[PDB]
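Participant: part one of the complex, left exactly where it sits:
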Amino acid sequence: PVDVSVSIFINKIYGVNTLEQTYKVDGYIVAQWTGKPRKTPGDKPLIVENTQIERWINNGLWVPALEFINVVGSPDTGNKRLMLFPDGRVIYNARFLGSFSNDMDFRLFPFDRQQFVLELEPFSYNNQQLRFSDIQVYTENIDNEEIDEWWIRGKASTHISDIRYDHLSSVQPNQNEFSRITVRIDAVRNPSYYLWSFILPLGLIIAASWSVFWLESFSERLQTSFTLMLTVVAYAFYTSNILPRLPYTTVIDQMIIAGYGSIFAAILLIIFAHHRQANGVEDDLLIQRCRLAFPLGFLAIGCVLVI
Amino acid sequence: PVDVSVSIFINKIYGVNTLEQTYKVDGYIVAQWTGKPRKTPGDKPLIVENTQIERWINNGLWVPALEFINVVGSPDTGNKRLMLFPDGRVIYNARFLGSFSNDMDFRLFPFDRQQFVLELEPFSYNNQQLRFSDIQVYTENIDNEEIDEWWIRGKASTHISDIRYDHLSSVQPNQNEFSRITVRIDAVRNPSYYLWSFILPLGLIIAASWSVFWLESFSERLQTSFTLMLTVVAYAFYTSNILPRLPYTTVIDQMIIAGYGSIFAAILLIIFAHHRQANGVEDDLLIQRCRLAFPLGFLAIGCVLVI
Amino acid sequence: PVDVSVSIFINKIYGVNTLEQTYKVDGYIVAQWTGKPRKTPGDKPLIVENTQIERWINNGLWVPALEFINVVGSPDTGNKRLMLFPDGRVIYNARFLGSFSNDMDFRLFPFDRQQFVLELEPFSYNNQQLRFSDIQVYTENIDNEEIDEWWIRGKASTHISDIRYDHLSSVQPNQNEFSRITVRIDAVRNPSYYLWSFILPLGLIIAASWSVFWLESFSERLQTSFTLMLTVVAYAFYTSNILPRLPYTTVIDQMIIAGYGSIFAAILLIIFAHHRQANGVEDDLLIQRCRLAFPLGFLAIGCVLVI
Amino acid sequence: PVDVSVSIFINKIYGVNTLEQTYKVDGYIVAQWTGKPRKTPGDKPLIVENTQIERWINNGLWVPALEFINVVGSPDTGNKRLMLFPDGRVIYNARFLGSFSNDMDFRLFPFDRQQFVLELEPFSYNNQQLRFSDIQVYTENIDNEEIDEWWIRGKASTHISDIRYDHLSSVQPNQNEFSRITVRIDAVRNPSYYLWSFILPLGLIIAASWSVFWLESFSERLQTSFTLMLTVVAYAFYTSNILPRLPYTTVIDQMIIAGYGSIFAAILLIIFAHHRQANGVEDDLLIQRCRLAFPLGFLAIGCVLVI
């Protein structure tokens, strides 16, 4: 079993695709394994760059193909390097950029708790042929959190484990176990933009929506709630066009539904106040003065949604 | 006839293009055929990776080109592997990512019933030269349905059949039959977002649209229906900008037309009530109180749309 | 002159770019020419796939480069195949995906009549060196027209002609004629979405725009036309955002201009009714009742759009 | 000094990127230079296509790399051709598609005057090594101007000049001059869409904005100007979403600012008319009837904007 020491150097985690549950990762892979001793020019370790690496493999150099399990398609591999030592150790260094996938929950947006995962595994050689000895990640990202979209919390979580495939029958009997490196980087979304530019103005719309009961005439009370309805429609459109596309409702999306409900409940109460009478224009002095009845009731219903 | 055993491993089905009727599929193809016995180093099966596969074909290795019939262009092929056994059998393993096409009906959106199809067929060799012995699909997708956009129902449906091409005249007479693998994965769309953020608020708009008949003055009844008209225009824009682009009307699209119709029917009645008179301001004592006449009449028209 | 028999197999015509006048075509090219007799293994025709085709050309195989005249850049060529026969005939089969250009008129949108053209011509060899013997197209597209964006009407139109280039002076004197295959597939756009979701609601906006004259007060008649103006602005935005981008006005675009004109003509007449008086509040009992004068005048302008 | 005769064949100029100041050009490059006499099969000129061109260079064929100075990145090169003559002359023919850059002014949009420039220069060989003998452009574009976005005015402007680089010190002393071909194609933008769908309706908005003074009550005069303000906001959004993104204001953008100003000037005058009094509601007869004072005054300010 060939012992391979891996080292991942994370440079940038960007471009989060909410619908595809994808994120772009730029970095470097450093794989090291000790092979048969070589006769390098002089005695110092020989360096093999990009094109020449392929030429050495053709001659007989064993360079194992290590695949990213969670990568979407094939990653953009930059500069390649092979450092061949006279004692036998071979070091493979290459820059990479790939789109990685992971199960991502954006239900409690914009207060997300997401972890960026990286999964490495040899494509052809099993645990008895190729084994991952040790792995260390270097996230050289520090300071200027208020400028970046995401706030990296942990240093990096690593786990080397043997993955067993079910496959059913096939040609390989017992040899069905592969060593896999799992890298996890926990992060929290910056809600400073969404709180001030989306939560705060929406809150004022719903608050001003309750000020419709302070009107004197029934015609005034009803016609204003139609403008109020149009304001939430105009805001729902403003939200959905800028906010990320998702197959489920978020906290901001739920606030919009609560806004529509608040206006529709007001529409029903304004009609009920004027028509549930004993003469014709007998507006219930208590139900017309619900200026404090459901506005605090909205806070009660709003806190039920949190539970 | 060379018997080839195929095995498809589905990893992710994402990125549904509604207009192009396309979907992205990430997975692995495993093709196995038994050839002439080889002399592998030692006696254990020899592994050939990526670049070296092309070198072996140049020497004389028969690797048949198996084409994806329903793929859009050329797929992104990842790591390639050739496992050559001393007994003869050859196993080809390669990761793939391609955009696949299939006839997709999105008429009853967001309650769609779609099946993701995969079609494999040899590009050059016919059924008498190359035959597909057996095929098995492994959809290792389970749990977290409420997070994913689509809900995979069935395990995977397979069908190996001989496809005969019409062509007319040409050079090949009887040899015009090819073995084809057809993989079908049935799925249902998650309507939780579209029901709460699009169906539910739209329903409230139409419900509040009928509350225009609770107004006393004709001037009030007419001017409010113009604001109501503008609300549906603002909503129709909010819908079409977020909803997928299609060459036919959906359930949500039909609801919008019903909204325009309900306001236009009101506009005609509000004019008729005030102008069809015996004195001048004689608003037909019963037609003006149609606060329950067409709102349930809309539901009756809404039940006719079920047919 | 080498006689080459071509056969095009159309799979999918999609992705129409209105501004660039481009459309994506997926299919197969089958070129056949009779050469010098060969000694194939055994006696059965030899099959050469992808990578190996390039190896045969290096040895001395003549494979002519046939260029798509109307293609935008270079097309995505899939699997390649060379079928070499012992009698001499050579068959080249390859899957292709390319963006093709043609003069496209979208003036009478959404009732467009467009033809998808394909132009094939040898890149280096003239009509005296390479001649196209015959060409046949196979459009294996049938049923489910209501699901597809475009409705293919004609089966396929083909034309082999000799194209003469002007060039002026140069090195080649008489040899300036090349054989060209021109494939034409006529299609009609599906107007079901645009008629119900764009033509029908817009018609109701203009129809409800003429209901402004049924108002009693001049203040009511003027203030409502400002809301009417805002409704067309909101609709013009809804139209232009979803509708394809073009450097000329369509039928739907012309309808929007007619809407703006109808409201502006109303604004002028409402002012003219109130102020062309003999006291101050002398509103013309016939011009204020133009409730039928210009609404049918709009229909007369609509009939002028036909001429 | 090698004399090279170049011939550019323009097929299509499309996809103008206003922010990047880029445009896509599809065509053919024909370069001719006389070399040492060759022994071609028979005596007729030998044709070398695509892959085989690289093989001939490896043997010792001198094919100079001619770079497009104003191209953005690397262009999409189609079919390549080398016509080797027994007398010595070598003709290089290749199809190209590239994104070209040029200093573009879109200040007086949609009535822009833009010229599409193409710059060719040898990448390695200077004017003493490689000289451009002559250049001729063939713009085979004619008729259907009303369908195309841009209207080509001139045939083609060509200029061969020696460009001297400053560089400072370096290794090359006197040898710092390179021959450069500059191709210029002048074109005027089709304003038919922008005049009818953007200039004309905007003009009606500002014209109807002045009709706010024809209202009787001060409350009516003020509340209507708020709807007028909202109409320009809705139009400014409709304009900016469809119109190209630029780092400077256009004629249409300036018209929008003039619209905001006209409404804000009206707001100030309506307040001043009512509050600058001697009793309370002493609305200045002349200042309230400014229905003709600033509407023509706007035309006077509008004429200053042109001159």
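Facilitator: The structure has been received and is ready for your questions. Numbering: from 1, shown residues only, chains lettered A, B, ... in the order given.
Participant: next up, the contacts around the nearest residue to residue A:199 once chain neighbours are set aside.
Facilitator: Excluding its sequence neighbours, the residue lying closest to residue A:199 (Cβ to Cβ, 6 or more residues apart in numbering or on different chains) is residue A:252, at 6.9 Å. Using the backbone N, CA and C atoms, a C-beta is placed for each residue, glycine as well. Shown in contact with residue A:252 (Cβ atoms under 8 Å, 6 or more residues apart in numbering or on different chains): A:109-110, A:194, A:198-199, A:202, A:239, A:243.
Participant: just say helix, strand or coil for residue A:252.
Facilitator: helix (DSSP: H, G, I helix; E, B strand; the rest coil).
Participant: re the thing from before, give the buried subset of the contacts of residue A:252 as a ChimeraX selection command.
Facilitator: Remark: buried members of the contacts of residue A:252, expressed as a ChimeraX selection using 16 or more other Cβ atoms under 10 Å in any protein chain shown:
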select /A:109,110,194,198,202,239,243
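Participant: so who does residue A:30 touch?
Facilitator: Residues in contact with residue A:30 (Cβ under 8 Å, 6+ apart) are A:6-9, A:91-93.
Participant: swap in 10 Å and give it another go.
Facilitator: A:5-9, A:81, A:83, A:91-94, A:136, A:138 (Cβ atoms under 10 Å, 6 or more residues apart in numbering or on different chains).
Participant: which residues does it bridge with?
Facilitator: With DSSP bridges as the criterion, residue A:30 is bridged to residue A:7, residue A:93.
Participant: and the contacts of residue A:252 as CSV, adding distance to residue C:46 and secondary structure?
Facilitator: Output for the contacts of residue A:252, formatted as CSV (distance: Cβ to Cβ, whole Å; DSSP: H, G, I helix; E, B strand; the rest coil):
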residue, distance to residue C:46, secondary structure
A:109, 61, coil
A:110, 63, coil
A:194, 65, helix
A:198, 67, helix
A:199, 70, helix
A:202, 71, helix
A:239, 64, helix
A:243, 60, coil
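Participant: include this sequence as chain E:
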Amino acid sequence: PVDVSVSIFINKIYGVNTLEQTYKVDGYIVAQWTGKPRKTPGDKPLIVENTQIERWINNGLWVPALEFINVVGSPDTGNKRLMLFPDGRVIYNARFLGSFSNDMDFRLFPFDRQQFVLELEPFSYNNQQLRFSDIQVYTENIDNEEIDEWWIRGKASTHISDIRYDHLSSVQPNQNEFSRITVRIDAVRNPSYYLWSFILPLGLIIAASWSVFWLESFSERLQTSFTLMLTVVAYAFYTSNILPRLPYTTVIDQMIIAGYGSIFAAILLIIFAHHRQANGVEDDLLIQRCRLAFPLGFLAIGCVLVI
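Facilitator: The block that follows adds chain E to the chains above:
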């Protein structure tokens, strides 16, 4: 230690991605190092272009891989050139286009201060193997500042430094230092578009928002502020759709929040004026005439935001 002289020629800095903190840079890299003296044909320096460069490396030419540290993925390399001199010196010239990353603060938008950075470093050879002797940048960009999106201040700031990597343990002990070239081009954003098309009209919206107190009736004062609220919602949407996407609020974004606050403060004051009474309709003659109280108070709060 090999002394390498580098020269960067900047052609265009465009396409600033605010969310990814990326910018596209087009230019040329000129690397020079003195090797072992060669024997070139004749005596003049030998030129090696594109494909042939790879052929020379295979034979034994040492061409070091110089990587762009801050580049996003792999850059689009154009034409490549190797000028081999008989005295020994080797000059590598190649055109490049890459997306470069740098820490970018867009908090005080549109009055941003940014610097475009370029970082070069050898991928395999350390400071003891490869050393950067000198670096000079040529920004041939001058005049037409009012047309370009950015105004460049300096010529080009350069800094050659030895970067030491932490790595921890590994195989390399002392040899962990690499020479790095840092290029900085300081720039200031052109705010002429954003000041006239976004700051100026928004200022008029807030200024006209304070004109709601000039209304006589309480019903008029309240209903108009709802239209005012809808105007800011329509403007907030117009702003966010055109303005760049960022994870933090800008000066323009803060102005929008101030607009919502000004209307909400007015809503509370209009309700307080009418309901805080001694009879019923006792509107406080001073608090209703706050037509000058908070409008200048808004300017005071506005001046605090600047500090």
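Participant: once more on the contacts of residue A:30, this time with chain E?
Facilitator: By Cβ under 10 Å, 6+ apart, the contact set of residue A:30 is A:5-9, A:81, A:83, A:91-94, A:136, A:138, E:167, E:170.
Participant: residues near the closest residue to chain D within chain A, how many?
Facilitator: Across chain A, no residue is closer to chain D than residue A:234, which sits at 9.8 Å (Cβ to the nearest Cβ). The tally of other residues near residue A:234 (other Cβ atoms under 10 Å in any protein chain shown) stands at 25.
Participant: tell me which element it is part of?
Facilitator: Using DSSP states H and E, residue A:234 sits within helix A:218-242.
Participant: so that helix, near chain B or not?
Facilitator: Yes - for helix A:218-242, a contact with chain B is found by Cβ under 10 Å from any Cβ of the partner chain, at A:218-220, A:222-223, A:225-227, A:229-241.
Participant: is that helix anywhere near chain E?
Facilitator: Yes - residues of helix A:218-242 contacting chain E under Cβ under 10 Å from any Cβ: A:219-220, A:223-225, A:227-228, A:230-235, A:237-239, A:241-242.
Participant: returning to what we had before: which residue packs closest to the residue of chain A closest to chain D, ignoring adjacent ones?
Facilitator: Counting by Cβ to Cβ, 6+ apart, the residue nearest residue A:234 is residue E:233, at 4.9 Å.
Participant: how about the contacts made by that neighbour?
Facilitator: Shown in contact with residue E:233 (Cβ under 10 Å, 6+ apart): A:201-202, A:205, A:230-235, A:237-238, D:230, D:233, E:256, E:259-260.
Participant: now swap in residue A:29 and tell me
Facilitator: A:6-9, A:66, A:68, A:75, A:77, A:92-96, A:118, A:120.
Participant: do that again at 8 Å, thanks
Facilitator: Taking Cβ under 8 Å, 6+ apart, we find residue A:29 in contact with A:6-8, A:66, A:92-94, A:96, A:120.
Participant: out of those residues, what pair is the most spread apart?
Facilitator: A:93 and A:120 (14.8 Å; Cβ to Cβ).
Participant: okay, those two: which has more neighbours?
Facilitator: More neighbours surround residue A:120 than the other of residue A:93 and residue A:120, with 23 against 19 (other Cβ under 10 Å).
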